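Visitor:
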Amino acid sequence: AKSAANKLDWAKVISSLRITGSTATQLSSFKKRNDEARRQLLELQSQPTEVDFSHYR
Amino acid sequence: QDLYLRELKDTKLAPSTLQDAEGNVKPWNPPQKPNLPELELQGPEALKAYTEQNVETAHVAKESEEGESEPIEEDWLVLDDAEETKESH
Amino acid sequence: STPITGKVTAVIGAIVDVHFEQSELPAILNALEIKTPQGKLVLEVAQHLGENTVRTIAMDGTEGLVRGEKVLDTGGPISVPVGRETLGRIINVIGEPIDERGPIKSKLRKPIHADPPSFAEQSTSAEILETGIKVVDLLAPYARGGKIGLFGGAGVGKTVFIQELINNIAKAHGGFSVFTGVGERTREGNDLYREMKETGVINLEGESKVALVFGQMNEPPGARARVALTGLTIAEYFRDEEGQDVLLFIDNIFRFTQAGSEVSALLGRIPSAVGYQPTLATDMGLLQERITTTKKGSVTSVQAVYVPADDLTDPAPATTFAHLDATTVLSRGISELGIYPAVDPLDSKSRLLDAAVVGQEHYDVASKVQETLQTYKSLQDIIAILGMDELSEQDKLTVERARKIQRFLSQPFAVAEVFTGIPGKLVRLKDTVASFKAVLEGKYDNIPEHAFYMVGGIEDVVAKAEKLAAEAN
Amino acid sequence: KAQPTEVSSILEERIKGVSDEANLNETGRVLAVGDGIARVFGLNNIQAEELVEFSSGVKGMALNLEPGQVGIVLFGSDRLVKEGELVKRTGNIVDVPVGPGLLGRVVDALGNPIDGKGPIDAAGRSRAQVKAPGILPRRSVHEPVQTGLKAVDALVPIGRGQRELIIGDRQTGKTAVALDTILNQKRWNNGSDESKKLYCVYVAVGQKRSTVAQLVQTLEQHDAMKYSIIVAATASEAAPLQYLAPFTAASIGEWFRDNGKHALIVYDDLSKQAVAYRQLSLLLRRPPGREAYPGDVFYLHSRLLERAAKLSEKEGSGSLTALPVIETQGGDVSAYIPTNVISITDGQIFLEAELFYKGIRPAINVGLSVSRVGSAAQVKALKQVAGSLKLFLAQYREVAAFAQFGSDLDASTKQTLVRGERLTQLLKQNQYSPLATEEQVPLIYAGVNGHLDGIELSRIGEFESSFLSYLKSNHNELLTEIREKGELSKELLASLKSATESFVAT
Amino acid sequence: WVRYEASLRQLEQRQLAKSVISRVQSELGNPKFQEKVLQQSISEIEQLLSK
Ligand SMILES: Nc1ncnc2c1ncn2[C@@H]1O[C@H](COP(=O)(O)OP(=O)(O)OP(=O)(O)O)[C@@H](O)[C@H]1O
Ligand SMILES: Nc1ncnc2c1ncn2[C@@H]1O[C@H](COP(=O)(O)OP(=O)(O)OP(=O)(O)O)[C@@H](O)[C@H]1O
Ligand SMILES: [Mg+2]
Ligand SMILES: [Mg+2]
C-alpha cells in the first residue's frame, strides 16, 4: 500500500521528462508524501491510548 | 534488649501521631494537617496546569473542509492555466 | 563544659603542632584558639599524629609563637556569620567584619565544611544567560545554572571580563550574589567595592545585594585556601534558607590549589607531579561539588582560573577543566594581536551549543564560523613563510573572511573604556547571530577588514566602513 | 508510612544481634589518621585488601600490611575518625553485590543503591579483584558489536570481547560514541534472542554529579536505562572509592559474561582512575615511579581491562566488551598513561579537535584509528560482499596522501579527490541518531557506483537521507533481506546496484 | 501524580529525620544511662559464655 502509493509516483517522474515545469503535481506528490510520512510516524509513536489500571494506576 | 525496645517505643510516641496516626504533632508548632492533604493534595496540579490538562480538555478536532466544492470556476481556470503551462512546457 | 587546653610543641612556618592531654584530642578541621597579643589565632586541624598530638593549619601569621603556649579548642569547624545582614558587610576568612561598619548581627552561624547535596540534583541545561558579549553568546553560551570558566595567564584580562559580567548580569537579575575574591590584589578589591558603592548595588544605608568576602595574597596560605569555602558557605546559606538564585563570584580558584601545595610540603606528604599536592583532584572536587544547582534553588558561579606560565596542561587547570561546562581560555596570542577580549574562539567550547537548545540556525552559524576560523589556523604555516599569494582562490576567500571574522569578534567593554577610548557596547544574541550569518554569506566582503574592529552589530561595521572610506581613504 | 517504621525496627534488632556477636580482641586501635589514611595498631590476622568498619561507621581497605601497624585507606571522609578508635573487621575481602536487579538502577563504587529507588536485588556477591580467564577458557571474537556509527562500524570494527579505546582530547566526543552505542543496542535489547542482547554497564569516575544526572536523564529519555547499570564515582568521593569502582563494574559485567549473556562496559576516563591510584600510593608513603605515578599502574590497567573477554562454548560462550576512554593533554599520545593504555587495548578510536572543528562530527582519525580485528567481528553485509568495504582503509589513506603534496596529476587523481571528499562529507553523522547496518550498506555502496555525481557537497546529507527514504519506501525487500541474512548474495548485489543506479538517475 | 507520590515518600522520610532529633533528644534525658550498663553486663556474660 505505502510502497504501492508511490510506485505510480515513479511513473509520473518518467512522465515528467516530456512535461517540464509542473507547478503542483510534484507538490501534490510532495503533499501526498508529506502527510503520508506523518502517518507512519504517527502510528508507530501511538501507544495504546489507555491508562494501565493494572500497573500504571 | 530495653534500649532498643524503648526507642522502638519512642517510634510509637513521637512519630506515631505523625503518620502512623493523625493526632497532628506535639513537638512541632506548625501543624502537619493543612500542608500535604489539603494544600499539597492539589500540589501536583499546583505544579502542572489545572482545568485544562488535568481535566485534559477532551476537545473535538477542528474540522477541515475540501476546496469549498466549487470546481467549475477553478478547474477550467486550471485547465486554461494548464494550456499556459503546456505552451511553456 | 571544661575548656579543652593543650600545649604548642612545633611551629613550622604556617604549620603548628599541638600536644594535648588525656582523651582531649580535638577533631579534624576543627577550629582551635591561640590568644595572640594582636588578636585571635585559630588553628584548623589538618591531620592527627598520635601520642595526643595533632597537626594544625594556621589561618593567620604565626609570628611570635613560643613552644608551650596555651591553646583552646573551639569545639567545631570555623564558624562564620550567615544571613541577609552579611549583605553589604565585607568579611574575612574567619568571619570578622573587616569593613569596620560595626559588629555583625548575624542570627545563624554555619560550619565552613559541608557535604555535596547527594543526588538531589536537577539538570536544567536550557537557560541561555544573555551576557551581551558577542563572542561568548555565539560559540559558548553561559548557562544560568552552570559554572563559568575564565581561564588565562597574567594580564590577559580575565578580571576585566569578570567586571563586565558583574556589570551586565548582576544589575538586571533577581537574586543575591556573592563575591569571594580568593587571592587577588587588594587594589582590585578596593576598586570593585567602590564601583558597587557608586552603582547602587550595595548601599551603606540601603538594601545591598552582594555579600563581600575577601581573601587576598596578604593572607597566609591557610586563609587563602579557606576563604573560598567561607564564601561558598554564604552562597549555600542564601540558596537554602532564602531559596533565592545565587550568583557566586570568585577571582581566582588556582590560588586555592596553590595554597594547598604550599601547606602540603610542610604537612609531610610525598610531592606529586610538578610539585603539587597529592590531594589536588579530591580537594578541588570537594570545593567545586558543593557549588551546584541544588534542587531547592539554583546557582550560577563565574569561576576564574590562572594558568601557570601559560600552560594549559598544568595539573590544576587540567583538573578544573572537567568541572566546568562553559569555559573561556583567553589566549595570549589573541591579546598581542590586539583583539580584546583575547578569548580564543577555537577553544572556548560549551555544552549548551546544541541545535535543540540554542536553535538550528545558531548551531549552523557557529559551525560555519568555526570552519572559517580553523581554515586560517590550518593555513597559517603556509601563509607565514610563503604568503597568501601562494594559496588558491578559495583559500584566499576563506582566509580573508576569517580575518574579517576574527577582527569582528572584538567588542568594547564598558569597564575598559579607559584602555580603548571607545564607549562600551552590548549586542543581543539575535543581533550578533544575524550579523555573523550575514558576514558568512559574503554580503560584506568589499568592506575593509579594519571596519570590524571595536564594533557591535553589522550596522556598526557598515558605519565604520563609511567613515573609513570617507576621510581615511 | 508505618511500614518503614517496623522495617527499621527489625533492622535495629538484627543490628543489635550482629553487633553483640563479635567479642573480638584483635580489633585494632587507630594510631594516627592522615588525609584519608589511617595507620592502626592491631588486626594481627587481617587479610590483605580486606574491608574494615570503623567504630564511627566508615569503611576501609587493607592496602599495606607492614609489621605492627596496618595501612588503611578510607571509603569516605576522615571527618568522623579520631585516634584510639576500635576498628571492626569484616572477615571477608572487599565485595560488591551482583545480580539482574541492577538493571535500571544507579549505584556507587561499593554497590549501595544511590539513586534512591529502594534496595538492590542481588543474585550474588563477587570479588572486586577476580582473576582474568585463562588462555583456553575463551574464544576468538567473531560476533560484531553494532555501534550505529558508520565510521565506527564499516571502518574500525568492534565485537564481543574486544577492547577498543576512545583515545582523544577533552570534549572531543569521547562519551558521545559510547552513549550512541548504548542507544543503538536498544534495537536488539527489546527482542527475545539472548545471544544478541547487549546489556550496558557504565562507569563514571570523577565526572561531576550534574553530568551523570544529564546522562541518566538521556538514557531514560531514549528508553535505554532498562538494560543499563550506572556506577558513579564523582570527584567528591574519596580516592579509594574511585580507584575501586571500575573493578566492581568489571565484576558486574563478568556476572553476565559467566552466565552466558553478553554485556558492554564503558571505562569512561580511566585516567582519573590513575590519578586516584596516585593519591592512594603517595598517601601510603609507597615509593613513586615515573612522574610521581605509582609503579604498578600498568598492572592496574592490565588486570582491569583483560577481564573483558569472549568465552568459549564449553563455559557458555559469554562475552564482555571493554570500551575504555582516555583523555590526552594537547594530543600528546606519547604521555605515560596514554602509551600504557594504547599498548593494553585491542585497538583504538582516535578523536582530535582539529577534525572536530573541520566539520567532521565523529572526528575519527582514520589514519591512526585502527582495530586489531578486521573481517572478524564485522557484519558480512559490510564486508567482502560489498567488496570495497574490505579496502576503504587504503582508499582513505591515499585520498589523504595526495591532498596537496600529491597534487592532482591526471583525471584519475581528480576522480579520487572527488570520491574521497564526497565520502568524508558522507561519513558525517549527528549525535543521538544511531543507525543500523541494513541502511549502512546502501549509503556506502552508493559510494562506489556514483558518488561524484552527488548534488554538490553541502547537499550530500539530504542525499543520503533521501537515499535511505527511497530504500525504506518501495525497496523494503532489500533492507530486510540484507538485515536477516546479514550478507549480500549475487542477485542481492544485482538488485542493490540496480536500486543505487535508479536513484542516481533520479 | 506519580513523582508527587514519590516526593511524598521522600518528604515523609525527611520529617522522620527531624523526628529522630526529637527521638534522640528524648534519649539523652533519662536514668537509663545508669540502667544501660547492666544491659552490657548481662549481654557480655551471654557473649563469652557462648564461647
Ligand atoms: N576589554 C578590554 N579592553 C581593553 N583593555 C583590556 C580589556 N580587557 C583587558 N584589558 C587590558 O588587559 C590588561 C590586564 O587586565 P586585567 O587586570 O583584567 O588582567 P588579568 O588577566 O585579570 O590579570 P592577573 O593575572 O594579574 O589577575 C590591562 O592592561 C587591561 O587594560
Ligand atoms: N555527533 C555529534 N554531533 C554534535 N555534537 C556533538 C557530536 N559529538 C559530540 N558533540 C559535542 O561535542 C562535545 C563533547 O562531546 P562529549 O559529550 O562526548 O564529550 P567528551 O569528548 O566525552 O568529553 P569530556 O571528557 O569533557 O566528557 C559536546 O558539546 C557534544 O554535544
Ligand atoms: Mg586579574
Ligand atoms: Mg564526555
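Here the protein sequences come in this chain order: A, B, C, D and E.
For the record, in the first sequence the residue sitting at position 39 is 52 according to my numbering, with numbers rising by one throughout.
For the record, in the second sequence the residue sitting at position 1 is 40 according to my numbering, with numbers rising by one throughout.
For the record, in the third sequence the residue sitting at position 202 is 805 according to my numbering, with numbers rising by one throughout.
For the record, in the fourth sequence the residue sitting at position 290 is 1655 according to my numbering, with numbers rising by one throughout.
For the record, in the fifth sequence the residue sitting at position 27 is 684 according to my numbering, with numbers rising by one throughout.
In this text, a Cβ means the ideal position worked out from N, Cα and C, and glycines have one as well.
Using Cβ-Cβ distances below 7 Å, what residues of the stretch 1815 to 1838 of chain D are close to chain A?
Guide: Listed in sequence order: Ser1838.
Visitor: To the nearest angstrom, how far is the alpha carbon of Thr90 of chain B from that of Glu84 of chain B?
Guide: Counted from its first residue, the second sequence places residue 90 of chain B at position 51. Counted from its first residue, the second sequence places residue 84 of chain B at position 45. Using only the alpha carbons, I get a separation of about 9 Å.
Visitor: Give every residue of the same chain whose Cβ lies closer than 7 Å to the Cβ of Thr33 of chain A, excluding the five residues on either side of it in the sequence, and list them in chain order.
Guide: The residue labelled residue 33 of chain A in the question sits at position 20 within the first sequence. Nothing meets the Cβ criterion.
Visitor: Would you call the stretch 1592 to 1604 of chain D and the stretch 1562 to 1577 of chain D in contact, with 3 or more CB pairs under 8 Å?
Guide: As far as the Cβ criterion goes, the stretch 1592 to 1604 of chain D touches the stretch 1562 to 1577 of chain D, which means the pair count is three or higher.
Visitor: At least one CB of chain C closer than 8 Å to the CB of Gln1644 of chain D: is that the case?
Guide: Against the fourth sequence, residue 1644 of chain D aligns to sequence position 279. Yes, contact with chain C.
Visitor: So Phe1621 of chain D is in the alpha helix (DSSP H); what residue range does that whole segment cover?
Guide: For the purposes of this step, residue 1621 of chain D is taken as residue 256 along the fourth sequence, with counting starting at 1. Element bounds for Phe1621 of chain D: 1604 to 1623.
Visitor: Establish whether the CB of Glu1378 of chain D and some CB of chain B are separated by less than 8 Å.
Guide: As a first step, residue 1378 of chain D is located in the fourth sequence; it is residue number 13 there, counting from the start. It does: the Cβ of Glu1378 of chain D has a partner Cβ on chain B nearer than 8 Å.
Visitor: Which bits of chain D does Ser42 of chain A rub up against, with CB to CB less than 7 Å?
Guide: Residue numbering aside, residue 42 of chain A sits at position 29 when the first sequence is read from its first letter. Simply none; closest approach about 13 Å.
Visitor: Does the stretch 1460 to 1480 of chain D touch the stretch 674 to 691 of chain C, meaning 3 or more C-beta pairs lie closer than 8 Å?
Guide: Judged by Cβ distances under 8 Å, the stretch 674 to 691 of chain C makes no contact with the stretch 1460 to 1480 of chain D, as fewer than three pairs qualify.
Visitor: Could you spell out the range, first to last residue, of the alpha helix (DSSP H) harbouring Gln766 of chain C?
Guide: Along the third sequence, read from residue 1 onward, the residue named residue 766 of chain C stands at position 163. That run of the alpha helix (DSSP H) goes 761 to 768.
Visitor: What would DSSP say about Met1590 of chain D, mapped onto helix, strand or coil?
Guide: By one-based count along the fourth sequence, residue 1590 of chain D stands at place 225. It is helical.
Visitor: State the start and end residues of the unbroken beta strand (DSSP E) segment that holds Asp620 of chain C.
Guide: Within the third sequence, the letter at position 17 stands for residue 620 of chain C. Residues 618 to 622.
Visitor: Just to check, is the beta-carbon of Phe1016 of chain C closer than 7 Å to a non-hydrogen atom of ligand 1?
Guide: Against the third sequence, residue 1016 of chain C aligns to sequence position 413. Under cutoff, so the answer is yes.
Visitor: Is there at least one Cβ from chain E nearer than 8 Å to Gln81 of chain B's Cβ?
Guide: Here residue 81 of chain B refers to the residue found at position 42 when the second sequence is read from its first residue. Chain E contact via Cβ: absent.
Visitor: Report the three-state DSSP secondary structure of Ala921 of chain C (helix, strand or coil).
Guide: Numbered from its first residue, the third sequence carries residue 921 of chain C at position 318. It is helical.
Visitor: Would you mind stating whether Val696 of chain C and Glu892 of chain C have Cβ atoms separated by less than 8 Å?
Guide: Translated into positions along the third sequence, residue 696 of chain C becomes position 93. Translated into positions along the third sequence, residue 892 of chain C becomes position 289. Result no, Cβ atoms of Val696 of chain C and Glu892 of chain C do not sit closer than 8 Å.
Visitor: Around the Cβ of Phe1055 of chain C, are there at least 16 other Cβ atoms within 10 angstroms (buried) or fewer (exposed)?
Guide: If you number the third sequence from 1, residue 1055 of chain C lands on position 452. Flag for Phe1055 of chain C reads buried.
Visitor: Taking Cβ positions only, does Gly778 of chain C come closer than 8 Å to chain D?
Guide: Here residue 778 of chain C is taken as the residue at index 175 of the third sequence, counted from 1. It does not; no Cβ of chain D falls within 8 Å.
Visitor: Could you tell me which of C:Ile637, C:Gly735, C:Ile856 sits nearest to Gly1060 of chain C, measuring between CA atoms?
Guide: One-based indexing of the third sequence puts residue 1060 of chain C at position 457. Minimum Cα distance to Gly1060 of chain C is reached at C:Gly735.
Visitor: Taking the beta carbon of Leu40 of chain A as the centre, do at least 16 other beta carbons fall within 10 Å, making it buried, or is it exposed?
Guide: Working through the first sequence from its first residue, we reach residue 40 of chain A at position 27. It is exposed - the Cβ of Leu40 of chain A has fewer than 16 other Cβ atoms within 10 Å.
Visitor: Would you verify that the beta carbon of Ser676 of chain E is, or is not, closer than 8 Å to some beta carbon of chain B?
Guide: Position 19 of the fifth sequence, counted from the start, is the residue given in the question as residue 676 of chain E. Yes, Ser676 of chain E counts as interfacial toward chain B.
Visitor: Drop a sphere of 10 angstroms on the beta-carbon of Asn770 of chain C, count the other beta-carbons inside from all chains shown, and report buried for 16 or more, exposed for fewer.
Guide: As a position in the third sequence, residue 770 of chain C is number 167, starting the count at 1. Looking at its Cβ environment, which holds 16 or more other Cβ atoms inside 10 Å, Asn770 of chain C is buried.
Visitor: Is it the case that the stretch 1841 to 1859 of chain D contacts the stretch 1731 to 1747 of chain D, given that we only count it when at least three CB pairs across the two stretches are under 8 Å?
Guide: Yes, the stretch 1731 to 1747 of chain D touches the stretch 1841 to 1859 of chain D.
Visitor: Compare the C-beta of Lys708 of chain E against all C-beta atoms of chain D and say whether one is closer than 8 Å.
Guide: The sequence position of residue 708 of chain E within the fifth sequence is 51, counting from 1. Answer yes: the Cβ-Cβ gap between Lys708 of chain E and chain D drops below 8 Å somewhere.
Visitor: Compute the beta-carbon to beta-carbon distance between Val648 of chain C and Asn633 of chain C, rounded to the nearest angstrom, for a pair I have assumed lies under 8 Å.
Guide: Looking up residue 648 of chain C in the third sequence gives position 45. Looking up residue 633 of chain C in the third sequence gives position 30. At roughly 5 Å, the Cβ-Cβ gap stays under 8 Å, so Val648 of chain C and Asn633 of chain C are in contact.
Visitor: What does a CB cutoff of less than 7 Å around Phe1868 of chain D pick up in its chain, not counting 5 residues either side in sequence?
Guide: The sequence position of residue 1868 of chain D within the fourth sequence is 503, counting from 1. So the list reads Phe1832, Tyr1835, once near-sequence residues are dropped.
Visitor: So which of C:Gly698, C:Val614, C:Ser726 has the shortest CA-CA distance to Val674 of chain C?
Guide: The residue given as residue 674 of chain C occupies position 71 in the third sequence. With distances taken between Cα atoms, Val674 of chain C lies closest to C:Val614.
Visitor: To the nearest angstrom, report how far apart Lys1515 of chain D and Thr1789 of chain D are at their CA atoms.
Guide: Sequence index remark: in the fourth sequence, residue 1515 of chain D carries index 150 (1-based). Sequence index remark: in the fourth sequence, residue 1789 of chain D carries index 424 (1-based). Their Cα atoms are separated by approximately 11 Å.
Visitor: Straight-line CA distance for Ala929 of chain C to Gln963 of chain C?
Guide: Residue mapping note: residue 929 of chain C aligns to position 326 of the third sequence, counting from 1. Residue mapping note: residue 963 of chain C aligns to position 360 of the third sequence, counting from 1. About 20 Å.
Visitor: Quick check on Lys44 of chain A: buried or exposed, where buried means 16 or more other Cβ atoms within 10 Å of its Cβ?
Guide: Stepping through the first sequence from its first residue, residue 44 of chain A is reached at position 31. It counts as exposed.
Visitor: Give me the Cα-Cα distance between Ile1595 of chain D and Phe779 of chain C, rounded to the nearest whole angstrom.
Guide: What you label residue 1595 of chain D is simply residue 230 of the fourth sequence in a count that begins at 1. What you label residue 779 of chain C is simply residue 176 of the third sequence in a count that begins at 1. Near 36 Å, if we compare the C-alpha coordinates of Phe779 of chain C and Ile1595 of chain D.
Visitor: Quick check: the stretch 1669 to 1683 of chain D against the stretch 1609 to 1619 of chain D, are there 3 or more CB pairs under 8 Å?
Guide: Touching, yes, given that three or more Cβ pairs across the two stretches are closer than 8 Å.
Visitor: State yes or no: is the C-beta of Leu883 of chain C within less than 8 Å of the C-beta of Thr833 of chain C?
Guide: Position 280 of the third sequence, counted from the start, is the residue given in the question as residue 883 of chain C. Position 230 of the third sequence, counted from the start, is the residue given in the question as residue 833 of chain C. Contact: no.
Visitor: Got a sec: does ligand 1 put a non-hydrogen atom nearer than 7 Å to the Cβ of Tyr1056 of chain C?
Guide: The sequence position of residue 1056 of chain C within the third sequence is 453, counting from 1. Result no, Cβ not under 7 Å from ligand 1.
Visitor: Of all the options D:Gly1660, D:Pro1509, D:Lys1366, D:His1840, which has the alpha carbon lying nearest to the alpha carbon of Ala1741 of chain D?
Guide: If you number the fourth sequence from 1, residue 1741 of chain D lands on position 376. Here the closest residue by C-alpha is D:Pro1509.
Visitor: Give every residue of the same chain whose Cβ lies closer than 6 Å to the Cβ of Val1690 of chain D, excluding the five residues on either side of it in the sequence, and list them in chain order.
Guide: Looking up residue 1690 of chain D in the fourth sequence gives position 325. Cβ within range, chain order: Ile1531, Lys1539, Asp1633, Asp1634.
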